[PDB]
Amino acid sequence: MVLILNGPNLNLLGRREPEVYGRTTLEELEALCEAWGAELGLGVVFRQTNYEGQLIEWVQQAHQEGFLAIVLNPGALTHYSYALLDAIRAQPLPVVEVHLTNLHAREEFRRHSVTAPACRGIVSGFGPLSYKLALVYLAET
């Protein structure tokens, strides 16, 4: 069973931009994940928060709750939350970093990920399909 954790501002998906983030809402996104996982023999729980400390605790406590991997979009936290980096290093599950947009075709600061060094890997730029790619890697491993 896999936990999908989303950081700040991902609750406003749908309203926030046209041609930067796309049309799909946070709800439409979980329902996509539920299905991608389901076809593929993976159960999924999906969560979002705007609080660093709540994101950290979800990552700390995923192994205790019986999940066996995390798919994690930290939102803008990916560029500065060393506390989230220490949370992922301090816990045993594999973590896959996911982003809707290509961080390398926007502002300079988005190009640097403080969480990515502790993750299994990173997928980004594929809209909603980034999440799906992570689920296909998780299913095989």
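Don't overthink the numbering: it's just position in the shown sequence, from 1.
Between 25 to 33 and 72 to 80, the higher mean Cα B-factor belongs to 25 to 33. Higher mean CA temperature factor, per the PDB entry, when comparing 2 to 10 with 132 to 140: 132 to 140. If you compare the C-alpha temperature factors of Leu42, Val114, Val98, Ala87 in the entry, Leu42 comes out highest.
In this PDB entry, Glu108 carries a Cα temperature factor that places it within the middle third of its chain's modelled residues.
Ranked by C-alpha B-factor against the other modelled residues of its chain, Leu93 falls in the middle third. Compared with the other modelled residues of the chain, the Cα B-factor recorded for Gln64 ranks in the highest third.
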